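Below is one structure; the comments refer to it alone.
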Amino acid sequence: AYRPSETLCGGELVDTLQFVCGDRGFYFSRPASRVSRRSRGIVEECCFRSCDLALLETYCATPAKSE
């Protein structure tokens, strides 16, 4: 592949989440357990696997509203 296989882990993953989503905030991987608690998580797709920009954007926090 033309893309690098460098993966994205640690604080650099958090830095990228802030870059991609801006001030709107983001969510992160929920589980970190040795035991069977399978779930989604940005670390699972960007560090254990490799992820793309469009996918990474889906971890953005939801919009808020107030009257």
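Per Swiss-Prot, chain A residues shown: 25-91, in order.
If you're wondering, the header gives solution NMR.
Cβ atoms are placed via backbone N, Cα and C, with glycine included.
Quick look at what Swiss-Prot annotates:
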type	residues	note
DISULFID	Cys33-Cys71	disulfide bond
DISULFID	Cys45-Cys84	disulfide bond
DISULFID	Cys70-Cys75	disulfide bond
REGION	25-52	region 'B'
REGION	53-64	region 'C'
REGION	65-85	region 'A'
REGION	86-91	region 'D'
SITE	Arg48	site 'Important for interaction with integrin'
SITE	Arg58	site 'Important for interaction with integrin'
SITE	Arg61	site 'Important for interaction with integrin'
SITE	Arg62	site 'Important for interaction with integrin'
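Features as recorded by Swiss-Prot, highlighted on the structure.
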{"residue": "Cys33", "record": "disulfide bond", "Cβ contacts under 8 Å, 6 or more apart": "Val67, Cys70, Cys71"}
{"residue": "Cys45", "record": "disulfide bond", "Cβ contacts under 8 Å, 6 or more apart": "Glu81, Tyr83, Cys84, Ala85"}
{"residue": "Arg48", "record": "site 'Important for interaction with integrin'", "Cβ contacts under 8 Å, 6 or more apart": "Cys84, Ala85, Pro87"}
{"residue": "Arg58", "record": "site 'Important for interaction with integrin'", "Cβ contacts under 8 Å, 6 or more apart": "none"}
{"residue": "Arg61", "record": "site 'Important for interaction with integrin'", "Cβ contacts under 8 Å, 6 or more apart": "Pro55"}
{"residue": "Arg62", "record": "site 'Important for interaction with integrin'", "Cβ contacts under 8 Å, 6 or more apart": "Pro55"}
{"residue": "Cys75", "record": "disulfide bond", "Cβ contacts under 8 Å, 6 or more apart": "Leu32, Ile66, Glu69"}
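Scoring each of the disulfide-bonded residues (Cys70, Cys84) by how many neighbouring Cβ atoms lie within 10 Å, the top position goes to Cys70. Reduced to three states, the DSSP call for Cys84 (disulfide bond) is strand.
According to DSSP, the secondary structure content of the region 'C' (53-64) in residues is 0 helix, 0 strand, 12 coil. DSSP gives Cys70 (disulfide bond) a helix state.
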